[PDB]
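The structure appears right after this line, and notes come after that.
Virtual Cβ from ideal backbone geometry, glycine too; neighbours counted across all protein chains shown. Computed from the coordinates by the stated procedures, all read-outs in this text should not be read as laboratory data.
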Amino acid sequence: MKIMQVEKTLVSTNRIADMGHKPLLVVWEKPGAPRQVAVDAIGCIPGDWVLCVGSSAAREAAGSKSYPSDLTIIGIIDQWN
Amino acid sequence: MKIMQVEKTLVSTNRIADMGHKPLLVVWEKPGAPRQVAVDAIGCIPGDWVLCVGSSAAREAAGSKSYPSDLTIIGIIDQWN
Amino acid sequence: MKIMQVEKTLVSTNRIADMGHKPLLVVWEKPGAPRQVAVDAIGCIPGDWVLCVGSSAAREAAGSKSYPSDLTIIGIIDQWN
Amino acid sequence: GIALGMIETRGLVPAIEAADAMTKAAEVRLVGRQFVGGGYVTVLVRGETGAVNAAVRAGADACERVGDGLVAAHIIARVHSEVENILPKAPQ
Amino acid sequence: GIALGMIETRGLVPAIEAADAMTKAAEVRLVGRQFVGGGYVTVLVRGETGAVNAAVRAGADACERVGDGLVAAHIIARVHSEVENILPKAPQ
Amino acid sequence: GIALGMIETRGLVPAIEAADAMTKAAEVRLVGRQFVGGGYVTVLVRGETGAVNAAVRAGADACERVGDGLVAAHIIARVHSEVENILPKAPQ
Amino acid sequence: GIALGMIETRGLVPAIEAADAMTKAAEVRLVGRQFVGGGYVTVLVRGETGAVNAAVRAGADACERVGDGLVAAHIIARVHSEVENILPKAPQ
Amino acid sequence: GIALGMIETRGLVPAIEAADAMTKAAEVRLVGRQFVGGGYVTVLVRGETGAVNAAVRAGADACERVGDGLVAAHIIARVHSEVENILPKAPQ
Amino acid sequence: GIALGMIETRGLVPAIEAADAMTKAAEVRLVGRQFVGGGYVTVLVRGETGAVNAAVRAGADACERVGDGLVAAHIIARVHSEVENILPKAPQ
Amino acid sequence: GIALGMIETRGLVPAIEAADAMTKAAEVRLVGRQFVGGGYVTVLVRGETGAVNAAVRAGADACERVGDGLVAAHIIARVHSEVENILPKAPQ
Amino acid sequence: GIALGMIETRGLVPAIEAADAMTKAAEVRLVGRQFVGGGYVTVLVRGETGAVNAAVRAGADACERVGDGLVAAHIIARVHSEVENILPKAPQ
Amino acid sequence: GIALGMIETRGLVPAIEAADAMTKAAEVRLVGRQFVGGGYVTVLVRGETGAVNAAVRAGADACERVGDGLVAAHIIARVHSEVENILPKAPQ
Amino acid sequence: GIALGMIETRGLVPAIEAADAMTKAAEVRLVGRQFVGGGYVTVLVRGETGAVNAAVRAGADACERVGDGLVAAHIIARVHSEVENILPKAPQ
């Protein structure tokens, strides 16, 4: 599990139906870091410091053990900078 | 999940029968980045900015939970540059 | 499995209910290394040299095979520096 | 954008949650919350067709499980000029 | 046109969709959306008898499947002058 | 604090009791009591995420047993800026 | 006094009867009748804790048998300062 | 007269008929017709205790059979001064 | 827009209705109506991915109930340049 | 007029009978007969909404009982400008 | 912080384990261990609401499985000024 | 006030929660928390009869669901002077 | 060594035997014997993690069969500094 910051939302209209209706967010460890896309399982705004999970845990964190996710946001950190 | 750009197609005639008939695409994060091969579960042309998934999610994103895939394209980003 | 040092605790009030009541710790390989968050399955204080596991093993090391964890602390090293 | 997405909920808490989900899902503008009467609240967002579609789907998924729940979730990509006279421009 | 088309729904989302279907179907003008109370919303269109007929048919067929549903769908070819005092002339 | 706590009840007495439990439980400020219609009343509190969590838990547990009952109880740690235009800033 | 007693009824006749019973049972001041919506009416009285308790019990007993009946009858002896911003001071 | 007669109905037609029966039965004055919400309408009459008794009996017996029906029918011989602040003095 | 929306029907009336629904739903342009043979008619629309998605959904939902029925409804977000040589650019 | 009515038949004899019925039922202009392929023939008429509606209903009723029979009979009162590029102007 | 979290255990070993878990889970101060009598031990921590909540949940989860086990685990985010006179400031 | 409110629990956590509920409910002062032995803890409050009544009711209702449970909840409106020698005047 | 080993028994004889087994098993120091109440006695040992592990295992295995029995047996490799304020440093 790592700590990334939400940058912006990502919309992919022609995405596989296995992703459901879950939102997608562009996240990075810090501004300037490589960008990544995570499933928003919590609901957060850009600039939030969030907690992310990967591997097979990100699948069931996004709703189902068969969900096509390798990065999911599983919480917002109360105090981070 | 990351954002890669499709470079070209890849054909492997003598590949294991578990891969089925799914197409293979050469993708990178940006031109000059290390090349990778992903299962095309959407259908996209070179130069497209696509959404990729890895780990065990890429298996079921390619069609079956037993599919031999560790990188699958799961959507085309509507607006990216 | 790697050897990280516990830096401090992390509290995320609005985290998914799948995480249960397990504590979260900020860990790094050494001071100055990139920070990571791990599920504390042992109970350790900052400055401890601990043993961490990732991948799908970190899920069941945190309590259940469906636990949303990709990094769990599975032991404290008796002698490390 | 000129696409329109609306979510009907029974009660205000699911409506606020749904509007939050749509606004955090894509680049849409919340243009009005309407108390229909009898406990119905409608939240309306505007934006591009893909953004509105994603926002409405995310809002429906989020607010399906809170309160009395979702009543309706509809997307109108092409809104007729006559219908624009009954659509709010800004909330209050 | 002086014909009147009316559709009533429980909820504002089905009413908006019905008004959109009405305006996209035939050459009718949307003259009012009324909140009746208890969740009831009524949309009114004006036009020729054939245009109002087509608009009401399309609006009912469209709004039968969205929201809490369709309540009423009526056409009045000629409206009495007394009833014109309770009919809105422009929406808000 | 920018977290939002919401409780919805059918009737004003359960809403008042829920607001009292919220304010007595944690350091949250009551920013609005809204009459939704049909008997639905929504009370909103603002504060830190932990304070809002505790307040919402206590308010739900208290108002589950008074009046016609509890309808919804939701917590939003971070509210989108668009949704802040439909949230009251002070009660009346 | 600063104690608060409220009675929720479905309809206005039971609300008026309940308010009459509380006002004739002890030394309390009727500080507001609120139409919640959907047929709910809430009558609120203020006074000392014992007076408010007796008034609320008498009002509940009286109005249990009239109209659609009692919905809720609650007494808050210690009212939080935040809740006082949503409580009426005088009726109308 | 200071006695109060109350009748509550679901719908305005039964309330109008009940008020007509009240006024035609005894020497009571119609002081208010209140829309409570949810379809509830309450009509209030004032007069002497016997006049209010006769008026309420006749109004209930008449309005039992018209509209959605009769909800409540109550007589208060002496109304507390606090409750007189929530009672209308003239209809509108 | 370079996305492609396709609907195939048995008969020209369902194809015309599907094209009408497509064009009325979203901002897509009708680029071709093709007679395939055996009664099969294919209508093609071009536009943005979200617009084509909405148009294809609406066209399928509309043409499911008219004529001999709907055969196919497919969306291609990005069309290969080789396939663009078999796609018409304007209808006739 | 700009309303559009179409009738799909399996075979040409029912198509000719249907077109005859629509042209003798109201003031509509037969703007094209199309051989779709596989035995489908589509006859299209234009006119005012009421005239086209009456013509299409009469044509359907007449040609329901001749040949392989009716396949589809649809009326589009408001035709989108994009659909007009696939609609014939004159028959041949 | 001024939030209060307490864990009741039957025996001292589960109490020490629970206090260890809360102190290692978040930034809370162990302000007292109390021997209630009859084998009950209570460990009390103070801190911010979120920190105390996390610490109490972790302590309950840890000490549920050791010794005679957990008896109670409670969090009071807003502690009344009267209750602070029976709460220890430092352990011993 | 000279009324006495008493609540007894097995364990200190339910006693602390009961004292918190007492002090937050009404205007009573917490005068003592006593460890009886065997796990029994008794909290005493003083105030007016109505305040003590409300406080004891709220404390019992709150502490019924935390810890090993509630043992006793008693109110004494007037305490004999002899019994005042065994009642603490301030907590510790 | 900073590891903590804990064993709890009902009765002092099993606690003494457990402490004897602990001290005879590994190089741990007995830092405290605590009377918890209700018959519960807790013995604490300090040392290295391996020494404390061996001592706790041997003490549990020995005291399982003497007196009223063994209640708890826990090992904490690293004790939080806050918990060190409730741990005795030397027995008495």
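State, to one decimal in nm, how far the label point of E:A77 lies from the label point of M:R29, with both points 7 Å from Cα in the Cβ direction.
Placing both labels 7 Å beyond Cα along the Cβ direction yields 10.8 nm.
What is the magnitude of the charge dipole of the protein assembly as shown about its Cα centre, with +1 placed on the Cβ of each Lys and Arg, -1 on the Cβ of each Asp and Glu, and no other charges, expressed in debye to the nearest 20?
Numbers: 114 positive and 124 negative charges, 237 e Å.
Magnitude of the dipole: close to 1140 debye.
For region K:46-60 and region A:1-56, what is the separation of their Cα centres, given in Å?
28 Å
Taking neighbour counts of Cβ atoms within 10 Å as a proxy for exposure, in what order, fewest first, do I:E64, G:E82, K:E8 appear? Could you put the intermediate results ahead of the total?
Details: I:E64 14, G:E82 18, K:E8 30.
Taking fewest neighbouring Cβ atoms as first place, the list is I:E64, G:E82, K:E8.
At 222 nm, what value in deg cm²/dmol follows for the protein assembly as shown if DSSP H runs of at least 4 each add -39500 (n - 2.57) and the sum is divided by all its residues, to the nearest 500? Each step should come with its number before you reach the end.
Values: 23 runs with 305 residues, N = 1163.
So the helix-based figure for the protein assembly as shown works out to -8500 deg cm²/dmol.
Using +1 at the Cβ of each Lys and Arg and -1 at the Cβ of each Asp and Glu in the protein assembly as shown, identify which of M:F35, H:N53, D:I7 lies farthest towards the dipole's positive end.
With unit charges placed on the Cβ atoms, the residue in question is D:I7.
What percentages make up the Cα-Cα pair-distance distribution of region K:1-46 when the bins are 5 Å wide from 0?
In whole percents, the pair-distance histogram is 5, 26, 34, 22, 10, 4, 0.
Please express the shape of chain C as an equivalent ellipsoid: the semi-axes are the square roots of 5 times the eigenvalues of the C-alpha gyration tensor, given largest first in whole angstrom.
On the way: eigenvalues 81, 39, 22 Å².
Each semi-axis is √(5λ); the values are 20, 14, 10 Å.
With +1 on each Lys and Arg Cβ and -1 on each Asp and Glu Cβ, how big is the dipole of chain M about its Cα centre, in debye rounded to the nearest 20?
Details: 9 positive and 10 negative charges, 24 e Å.
For chain M, the charge dipole is close to 120 debye.
What are the residues whose amide H is under 5 Å from the amide H of E:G67, where those residues sit 5 or more places off or on another chain and H is modelled from the backbone?
Long-range HN contacts for E:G67: D:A73.
Just want the ordering: I:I86, J:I7, L:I76, from fewest to most Cβ atoms lying within 10 Å of their own Cβ. Let's see the in-between values first.
Numbers: I:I86 6, J:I7 29, L:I76 15.
The fewest-first ordering by Cβ neighbours comes to I:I86, L:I76, J:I7.
Give, as a single signed number, the net charge of other residues whose beta carbon lies under 10 Å from the beta carbon of L:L12, with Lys and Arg counted +1 and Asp and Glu -1. Don't jump to the answer; show the numbers that get you there.
On the way: positive: L:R10, L:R33; negative: K:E8, L:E17.
Result for the neighbourhood of L:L12: 0.
If you average the C-alpha positions of region A:62-80 and of region L:68-91 separately, how far apart do those two centres end up, in angstrom?
Distance between centres, Cα-based: 53 Å.
From the mean inverse distance of alpha carbon pairs (Kirkwood) and the Cα radius of gyration, derive Rg over Rh for region J:1-85.
Values: Rg = 11.7 Å, Rh = 12.3 Å.
Rounded to two decimals, Rg/Rh equals 0.95.
Just name one of H:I75, H:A26, H:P88: the one whose Cα is farthest towards the positive end of the charge dipole of chain H (beta-carbon charges, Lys/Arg +1, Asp/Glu -1).
Result: H:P88.
Cross-link candidates for E:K24: which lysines have Cα within less than 28 Å, leaving aside residues fewer than 8 places away along the same chain?
Counting by Cα, and skipping residues close in sequence, E:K24 has these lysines nearby: D:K89, E:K89, I:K24, I:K89, J:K89.
Treat every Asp and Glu Cβ in chain C as -1 and every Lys and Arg Cβ as +1, leave all other atoms uncharged, and give the resulting dipole magnitude about the Cα centre to the nearest 20 debye.
Numbers: 8 positive and 8 negative charges, 35 e Å.
My answer is approximately 160 debye.
Between A:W28 and J:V66, how many nm apart are label points set 7 Å from Cα along the C-beta direction?
Label-label distance for A:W28 and J:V66, simple model: 7.3 nm.
Which residues' amide hydrogens lie under 5 Å from the amide hydrogen of B:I77, considering only partners 5 or more residues apart or on another chain, with H built in the peptide plane?
Here the answer is B:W49, B:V50, B:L51, since their amide H atoms fall under 5 Å of that of B:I77.
Can you give me the angle between helix D:12-25 and the longest principal axis of chain D, using Cα atoms only, in degrees from 0 to 90, rounded to the nearest 10?
50 degrees
Checking the a/c ratio against 1.5 first, then a/b against b/c, what shape does the Cα gyration tensor give for the protein assembly as shown?
Values: a/c = 3.32, a/b = 1.27, b/c = 2.60.
Here the protein assembly as shown falls in the oblate category.
Roughly what % antiparallel, to the nearest 5, for the DSSP beta bridges in chain C?
Numbers: 18 of 20 bridges.
Here the share of antiparallel DSSP bridges comes out near 90 percent.
Packing-wise, with mean Cβ within 10 Å as the measure, how do H:11-17, E:57-63 rank, highest first? Spell out each step's value before the answer.
Numbers: H:11-17: 18.9, E:57-63: 22.9.
Top to bottom by mean Cβ count within 10 Å: E:57-63, H:11-17.
Enumerate the amide H contacts of L:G32 below 5 Å, restricted to partners 5 or more residues apart or on another chain; note that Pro and chain-start residues carry no placed amide H.
Here the answer is L:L44, since their amide H atoms fall under 5 Å of that of L:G32.
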